[PDB]
């Protein structure tokens, strides 16, 4: 059974595509946008966010904010050049944690970049990075199709 997660727009990561080694063709050097968004349907860490507890767990690879990433979609800039867009959906509580702790927000941004890199075999720039003041890139964020074992425990069947 496939469930739908309708993400709530939050903020955008702007970057650059350095290389594409995946099953599909992408143009190197094109602008990349990542929509960091949220839903209460995304799993969340079992350990509540407390900086002194959690940052050592992150170093130990024992704690992470779960991310559900969409397939990429194409948009175009004003000169007609292709730009690639991904949605990275996290639990709504985790979206509030990254408001109050800038160190956690930086790590979450890195996790979102790695998530797109993993799912589509792309390499994204860590230097040519920006944070547009918009909530999302593009029109309505499309629904994420997920299996029931991917949902937050309290929202499973």
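Positions refer to the first chain, counted from 1.
- As the entry records it, the average C-alpha temperature factor is higher for 46-54, out of 86-94 and 46-54.
- The deposited model assigns a higher average Cα B-factor to 127-135 than to the other stretch when 113-121 and 127-135 are compared.
- Each of 99, 32, 67, 59 has a CA temperature factor in the record; the biggest one is found at 99.
- Ranked against the other modelled residues of its chain, the C-alpha B-factor of residue 10 as given in the entry falls in the middle third.
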